Structure formats: structure tokens, C-alpha cells
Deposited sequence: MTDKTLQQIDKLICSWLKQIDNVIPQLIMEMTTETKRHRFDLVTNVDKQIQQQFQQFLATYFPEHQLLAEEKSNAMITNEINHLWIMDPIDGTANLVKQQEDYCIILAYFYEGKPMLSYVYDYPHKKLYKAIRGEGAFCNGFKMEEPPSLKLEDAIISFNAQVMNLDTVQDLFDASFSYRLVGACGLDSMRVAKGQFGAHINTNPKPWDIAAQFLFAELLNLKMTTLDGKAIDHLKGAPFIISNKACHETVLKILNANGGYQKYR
């Protein structure tokens, strides 16, 4: 793929996301008085592909994905609303996740923090950006100096306590895409999700590559972008320590 083609696609995605701005307030007003919001955003993206990129296929949360394989050369993975609980309960702290893979290789990635008007995007060969401003590799963060984010309700409490004690503090935004972007920005040392779907993490691959983040399974391997696996996205300086804590003493799972 060329830089010229990537920019053309990028230009069309940024325009689509701007059109989304024109539709979403109405969908939100209807929801208020899974949602229609998730399903409509997804359907509109499907129409966008049908119109602009007829060869491209979609793996997304609100459709069946049985026909999506590693043979598909032009693939988008979408979470149309990541943070559905935050959308419904708070109307805040949710995002749109989009990622394009070409012959299996991450080429374009998007995390749109709509409520706060911040577009994180990554373009292979160009870099990562927040609202157009180039992002750089975050400063090194040792676990003891870093805030971490994970779901404490899906782990055994002894392991949750070990994570509390070894880190600087604990926070949770509650949307995978956003908690990940805080790692990307150097605000959090690490974000963990012990059982993500492909759409929860699809954009993050390219961000992790371009910003020198560690993004691995909880066993330290590369993740299958078609399947998802227990995962971490981490600053390079606290990745090993976090994995070590999670896997010590018989591991992080609930004994329950």
C-alpha cells in the first residue's frame, strides 16, 4: 500500500466521522427519550463502505462475523460504540473504534472520543495523531510510578490487591478504547482487559507499534486480531512487572 492511497482513505474516514457528528445528537436524544446508537452508527459505516470501498469487508460487534477469515484482504474491524454502558448511564466516556487491515497488516486506526471531540488516529508510515497533533512515544513509566486501569470485578481479589500495591494508583474510564489511549498518551502505565473481542482492541495494534507500546496477550505473545485474547496494552517500562503480577500465585482468574 502507498502513502497516497492511505491518505485518500484517511480523508474519507475523517469525513465520515464528521458526518457522524451531524447524526449522533438525534440518536442520543432517541435513546434517552445495546442501543439504536450502536446499531445505527454501524449500519452507516456499512453503507459508507458499500459506497466508497465496495471490496472492503467489516468485522463488527452488531453483526454476525462467521464469514470473516484471514483470507479477507481488505478488512475493517469496528466497535461502533465502545463503552455502551457509559453511553447509556453517563452519555460520556465512550468512543468509536475503527481499524483497517490490508492483507492482515494494520494500516489505519481510529479511536474517536466523540463526547470530548478528540480523534485519535494512526496511519502506517505517517504516525499517530490526536486531532491532527502528532503523538510521540510516552515517557518510561515504571509500575510504581504509574496509574493502572483494569476491571477489578473479573479477577480474584488477591491479585487485584497485588496490582493496587505495586502501582501508583488505580483508575477506570470504562471503555477499552479510551483506557487504551490513556496508555498511549502516557497518562496510564497499562490497561488490561482479560477477555476482549476483536473490536475492543483492533485500533490499538497500530498505535502500539507506532508509539513503542507493548501490546500482548497476558502470556506475552502477539494477539490474533481476528480473535482477540486476554490482553494488555502497556508502557514499555511496566509491561513485564504487570504480567508477572497477573500470572503469579496461580493467576488472575476468579477462584469461585
property	result
Sequence order list of spans that the model leaves without C-alpha positions, deposited numbering	34 to 42
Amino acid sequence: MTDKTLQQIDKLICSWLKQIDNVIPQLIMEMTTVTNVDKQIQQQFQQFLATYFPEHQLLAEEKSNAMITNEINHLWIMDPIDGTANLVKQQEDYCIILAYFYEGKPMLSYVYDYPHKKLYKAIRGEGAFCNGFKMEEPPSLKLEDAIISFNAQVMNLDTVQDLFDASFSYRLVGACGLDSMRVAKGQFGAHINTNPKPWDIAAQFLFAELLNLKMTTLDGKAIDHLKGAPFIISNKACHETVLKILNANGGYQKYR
From here on, numbers count along this sequence of modelled residues.
| property | result |
| --- | --- |
| 207 to 215 or 23 to 31, whichever carries the higher mean Cα B-factor | 23 to 31 |
| Greater mean Cα temperature factor according to the PDB record, 120 to 128 or 80 to 88 | 120 to 128 |
| Of the residues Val160, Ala175, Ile148, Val111, the one carrying the largest Cα B-factor as recorded | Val160 |
| Residue selected from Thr51, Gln187, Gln57, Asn70 by maximal Cα B factor | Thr51 |
| Third of the chain's Cα B-factor distribution that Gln42 belongs to, per the entry | lowest |
| Entry-reported Cα temperature factor of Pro230, expressed as the chain third it lands in | middle |
| Record-listed C-alpha B factor of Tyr100: chain third | lowest |
| Lowest, middle or highest third - CA B-factor, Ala166 | highest |
| Ranked against its chain, the third holding the CA B-factor of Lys134 | middle |
